[PDB]
Every structure is written in C-alpha cells, then in structure tokens.
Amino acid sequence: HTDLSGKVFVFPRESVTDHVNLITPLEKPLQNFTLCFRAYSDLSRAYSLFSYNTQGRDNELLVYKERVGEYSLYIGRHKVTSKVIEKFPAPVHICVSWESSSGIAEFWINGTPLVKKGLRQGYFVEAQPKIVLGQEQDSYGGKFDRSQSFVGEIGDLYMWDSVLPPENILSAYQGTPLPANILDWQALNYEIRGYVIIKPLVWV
C-alpha cells in the first residue's frame, strides 16, 4: 500500500517501544520462503532483524544477529547459524531461504552464499503471523526486549513463498528483486509504532 522504493525505516534509538508491524494476508502455512532485505547498524550486541510469531508460538520464523559475522534463522524455535567475513560497521544485504522438504536454510550475504544448514525438515511455518521490525517478539505481537532491539536502518525488504535460485538472489542484491508475493517493499502495508522515521536510502 506504500511504495518505499529508495527509502528506509530508521530506528533511531534503543528502546522497547519503537517498531514497525508488517501486514500480510498469509492464511496458509508456509512450506517454502525467501526473505531479502538491507540493513545498516552499528550495534555490537545481539539484535533481531525480522521477527515472525504466531498465536501461541514464539520464534516461529526469526532472523537474528547474535554478533558480528554470525547470522541465525529460527524455524519453530529451532535454529541454525552460519558465519561470514564482514566489515564492521557496514551496510549489508541479507537473503535467507528455507525449504520444508529438505529443511535446508540458505543465507546469502552481499550476494555471497554462506554454508547451507538444515532444520525442521517436514515442518510447516504457521500462518496468521505478526511480523515485526525493530523489536524481537516474545508474544503474539509484543513482549519486546530492549536488549534485542534493532537500532539503525532497514530497507529493500521482500519476501517470496518460494526458494529463490542464486541468480534471483543476485538480482535482489543488485536492487532489482523479482516480483515478491508475501512482502513487497514497493507495495508495503505497515504500521509505525513509537519512534520510527522514514528517510531516503543514502548508503546504497
């Protein structure tokens, strides 16, 4: 509903209040997905990048940054973590995909593939989520934790109900994502809560 092309959400301070709710009419459990976005933060502590909870289910789909050079994906509370060489601080483009049939999770950082890991083969990610940027949920939509808050900037966020092949991940990294059907930065339905400011993306 809003085209955020060329813009970012700025989470300008540490808080337990500041967040964006992302709204998607996701009625069917997810068997496959890819999520891509850009982020720029100079936090050294742990923080959540993308928090997806469902009723009665915490950490149903969570992209979490434990520390520099380490990215984690949670699926139904279980997690995998893969490492990468990265500068700090530095803008980053992140893609992560997961496929129920194999359980394989693929992280791509700045268009470079990390080591594949695997979890929750056969599982379906539950539907009707609450999806939050800026805070890590411990409840269905809430129970945030200041020490897990994201401070910095996020943009170019897209989510597909399939596993993107390498050349489509590269297209997203280059700023030309293929059509996305779960979340789309160019037609995004969202709710700002607390202190979140929309600004031009100046670091790509």
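In this text, residue numbers run from 1 along the sequence as written. If you superpose the two forms and keep the largest set of C-alpha atoms that fall within 1.5 Å, you have the rigid core.
The segment moving more, judged by mean Cα distance from this form in 8 other deposited structures of this protein after a core overlay, is 175 to 183 among 175 to 183 and 161 to 169.
Of the two stretches examined, 97 to 105 and 122 to 130, the record assigns the greater average C-alpha temperature factor to 122 to 130.
Taking only CA atoms, the mean B-factor in the PDB entry is higher for 25 to 33 than for the other of 25 to 33 and 150 to 158.
Sorting 42, 60, 136, 66 by the CA temperature factor given in the entry leaves 66 at the top. When the modelled residues of the chain are ordered by their C-alpha B factor, residue 180 lands in the middle third. In the PDB entry, a CA B factor belonging to the highest third of its chain's modelled residues is recorded for residue 87. When the CA B factors of the chain's modelled residues are split into thirds, the value for residue 51 lands in the lowest one. Compared with the other modelled residues of the chain, the Cα B-factor recorded for residue 77 ranks in the highest third. In the PDB entry, a CA B factor belonging to the highest third of its chain's modelled residues is recorded for residue 201.
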